[PDB]
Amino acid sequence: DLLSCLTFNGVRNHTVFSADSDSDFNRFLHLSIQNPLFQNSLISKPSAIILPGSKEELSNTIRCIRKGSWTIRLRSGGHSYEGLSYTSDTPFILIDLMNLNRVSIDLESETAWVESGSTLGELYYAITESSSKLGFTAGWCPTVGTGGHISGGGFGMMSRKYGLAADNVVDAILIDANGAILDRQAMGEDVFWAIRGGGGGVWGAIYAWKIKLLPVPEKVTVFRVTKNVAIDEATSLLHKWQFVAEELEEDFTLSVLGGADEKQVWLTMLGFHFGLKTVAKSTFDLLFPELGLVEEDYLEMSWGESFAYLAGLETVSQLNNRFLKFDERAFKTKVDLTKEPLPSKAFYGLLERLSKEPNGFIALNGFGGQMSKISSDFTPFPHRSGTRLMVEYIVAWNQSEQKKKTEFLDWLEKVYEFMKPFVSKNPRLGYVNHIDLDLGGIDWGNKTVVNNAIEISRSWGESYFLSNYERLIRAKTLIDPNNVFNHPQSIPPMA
């Protein structure tokens, strides 16, 4: 039995499947499901849930599962857009990493070791508690897990200054298919490259990341201002925004959340400056006076405060609450990367479509800055110089709106089709943290498909990784030749 192996090896925190609706099993299962779309009774459920409390327990958990016929599923923060950390078409064991949430800050080296169950919020909180002059570049959502996020890159409000989370990883502990405990030196440079953006659930189980902490001023300046406007003005704002955003010096970021409802358009402008408010306002007065920002819009605060504020949290303390409900809605999302400026009519049509579906919203980010100075092959995320914007389309709904699911998904499909001519093409680019199964998927139990796995997987592989796809395959073959870590879009090993 799996349990007997786990016990012989000192892993005690485990719970087998139970039909009891409010069993402990179900409590643990649902605790970290961050997309309600995959919560219902018709979804696949794990045969057991294991909560390892140490790297040794993680190693032995993997070793035991292998003595059986199980598919391994790793979950850190549970934010997978496609629920790939807690679903599987084959019988599976869920390894939940929530107990591995220790952050160890070394102020003498200005680095940190971060267990992979730690959320972004927990990490940010730990950093701000330790120092007023250090921060880290990662995503905007505080409940996202470092396990999946850093594995896939990790883009956020300081990426124009410092790049992705993965661009600032200097060591890691990877537990491989045989339970080996491997640091950077042990896994080798190809594998250490692959894990820094090559996607979660593919290489082994990351136990911990070693990150370089980055300088921040004791006071940064942010704004969070929602413009309530009509479509003509919203269109001209977004059309100018794209140029301001990509062209801003690296010490500034201007991003947008947007939506609409008939004649009313809302654009939430999210601003960040690595410095004081005089310089911040001088810059936006010059470059984007159309925003109509006023002195009272600019707030000076600590870096930690700024990340809580930009995400709409009440306090810095809230960063440290991994179970704080950030957004309890089922959702589907798609993303585009661009290479050419978007014409005005693209924003106009996007806004028209938003006005017809108030449950939809967009998130807009400029690249440029440091993102253009990092080589396309420095880490697996290839969208560097030449990449102008990242454009996210989201539709989300609560339980009372479930009847409209098909309609919501149809709306999103049509938005993505509308944007096709304006965004990257040949191929249409994507981002592995924004995993999208519409691109297709591999059934690893299907021999004819597996025989041709490399060609088949190119569909999504090249969209996520472009020319880096080849090295990823070589790295996969080195570290997981038997494909113990797999999912519908995992990098294939060579046969």
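Rigid core here is just the name for the largest C-alpha set that superposes within 1.5 Å across the two forms. Numbering starts at 1 and runs along the sequence shown.
| task | Output the stretch, either 377-385 or 318-326, that has more C-alpha displacement from this form in 4 other deposited structures of this protein following superposition by the rigid core. | result | The answer is 318-326, which departs more from the shown form in 4 other deposited structures of this protein.
| task | Would you tell me which stretch averages the higher CA B-factor in the PDB entry, 454-462 or 66-74? | result | Going by the record's values, the stretch with the higher mean is 66-74.
| Where do the C-alpha atoms have the higher mean temperature factor in this entry, in 21-29 or in 473-481? | Looking at the recorded C-alpha B-factors, 21-29 comes out higher on average.
| query | At the C-alpha atoms, which of 261, 392, 115, 183 reaches the highest B-factor in this entry? | reply | Highest C-alpha B-factor among the listed options: 261.
| query | Out of 131, 365, 178, 143, which one has a C-alpha B factor higher than all the others in the entry? | reply | The C-alpha B-factor peaks, among 131, 365, 178, 143, at 178.
| Considering only modelled residues of the same chain, in which third does the CA B-factor of residue 322 rank: lowest, middle or highest? | According to the entry, residue 322 has a C-alpha B-factor in the chain's middle third.
| Record-listed C-alpha B factor of residue 124: chain third | Lowest third, going by the recorded CA B-factors of the chain.
| task | Taking the values exactly as deposited, rank residue 297 by C-alpha B-factor within its chain and report the matching third: lowest, middle or highest. | result | Highest third.
| Going by the entry, which third of its chain does the Cα temperature factor of residue 434 land in? | Tercile = middle for this residue's CA B-factor.
| residue 218 CA temperature factor, ranked by third within the chain | According to the entry, residue 218 has a C-alpha B-factor in the chain's middle third.
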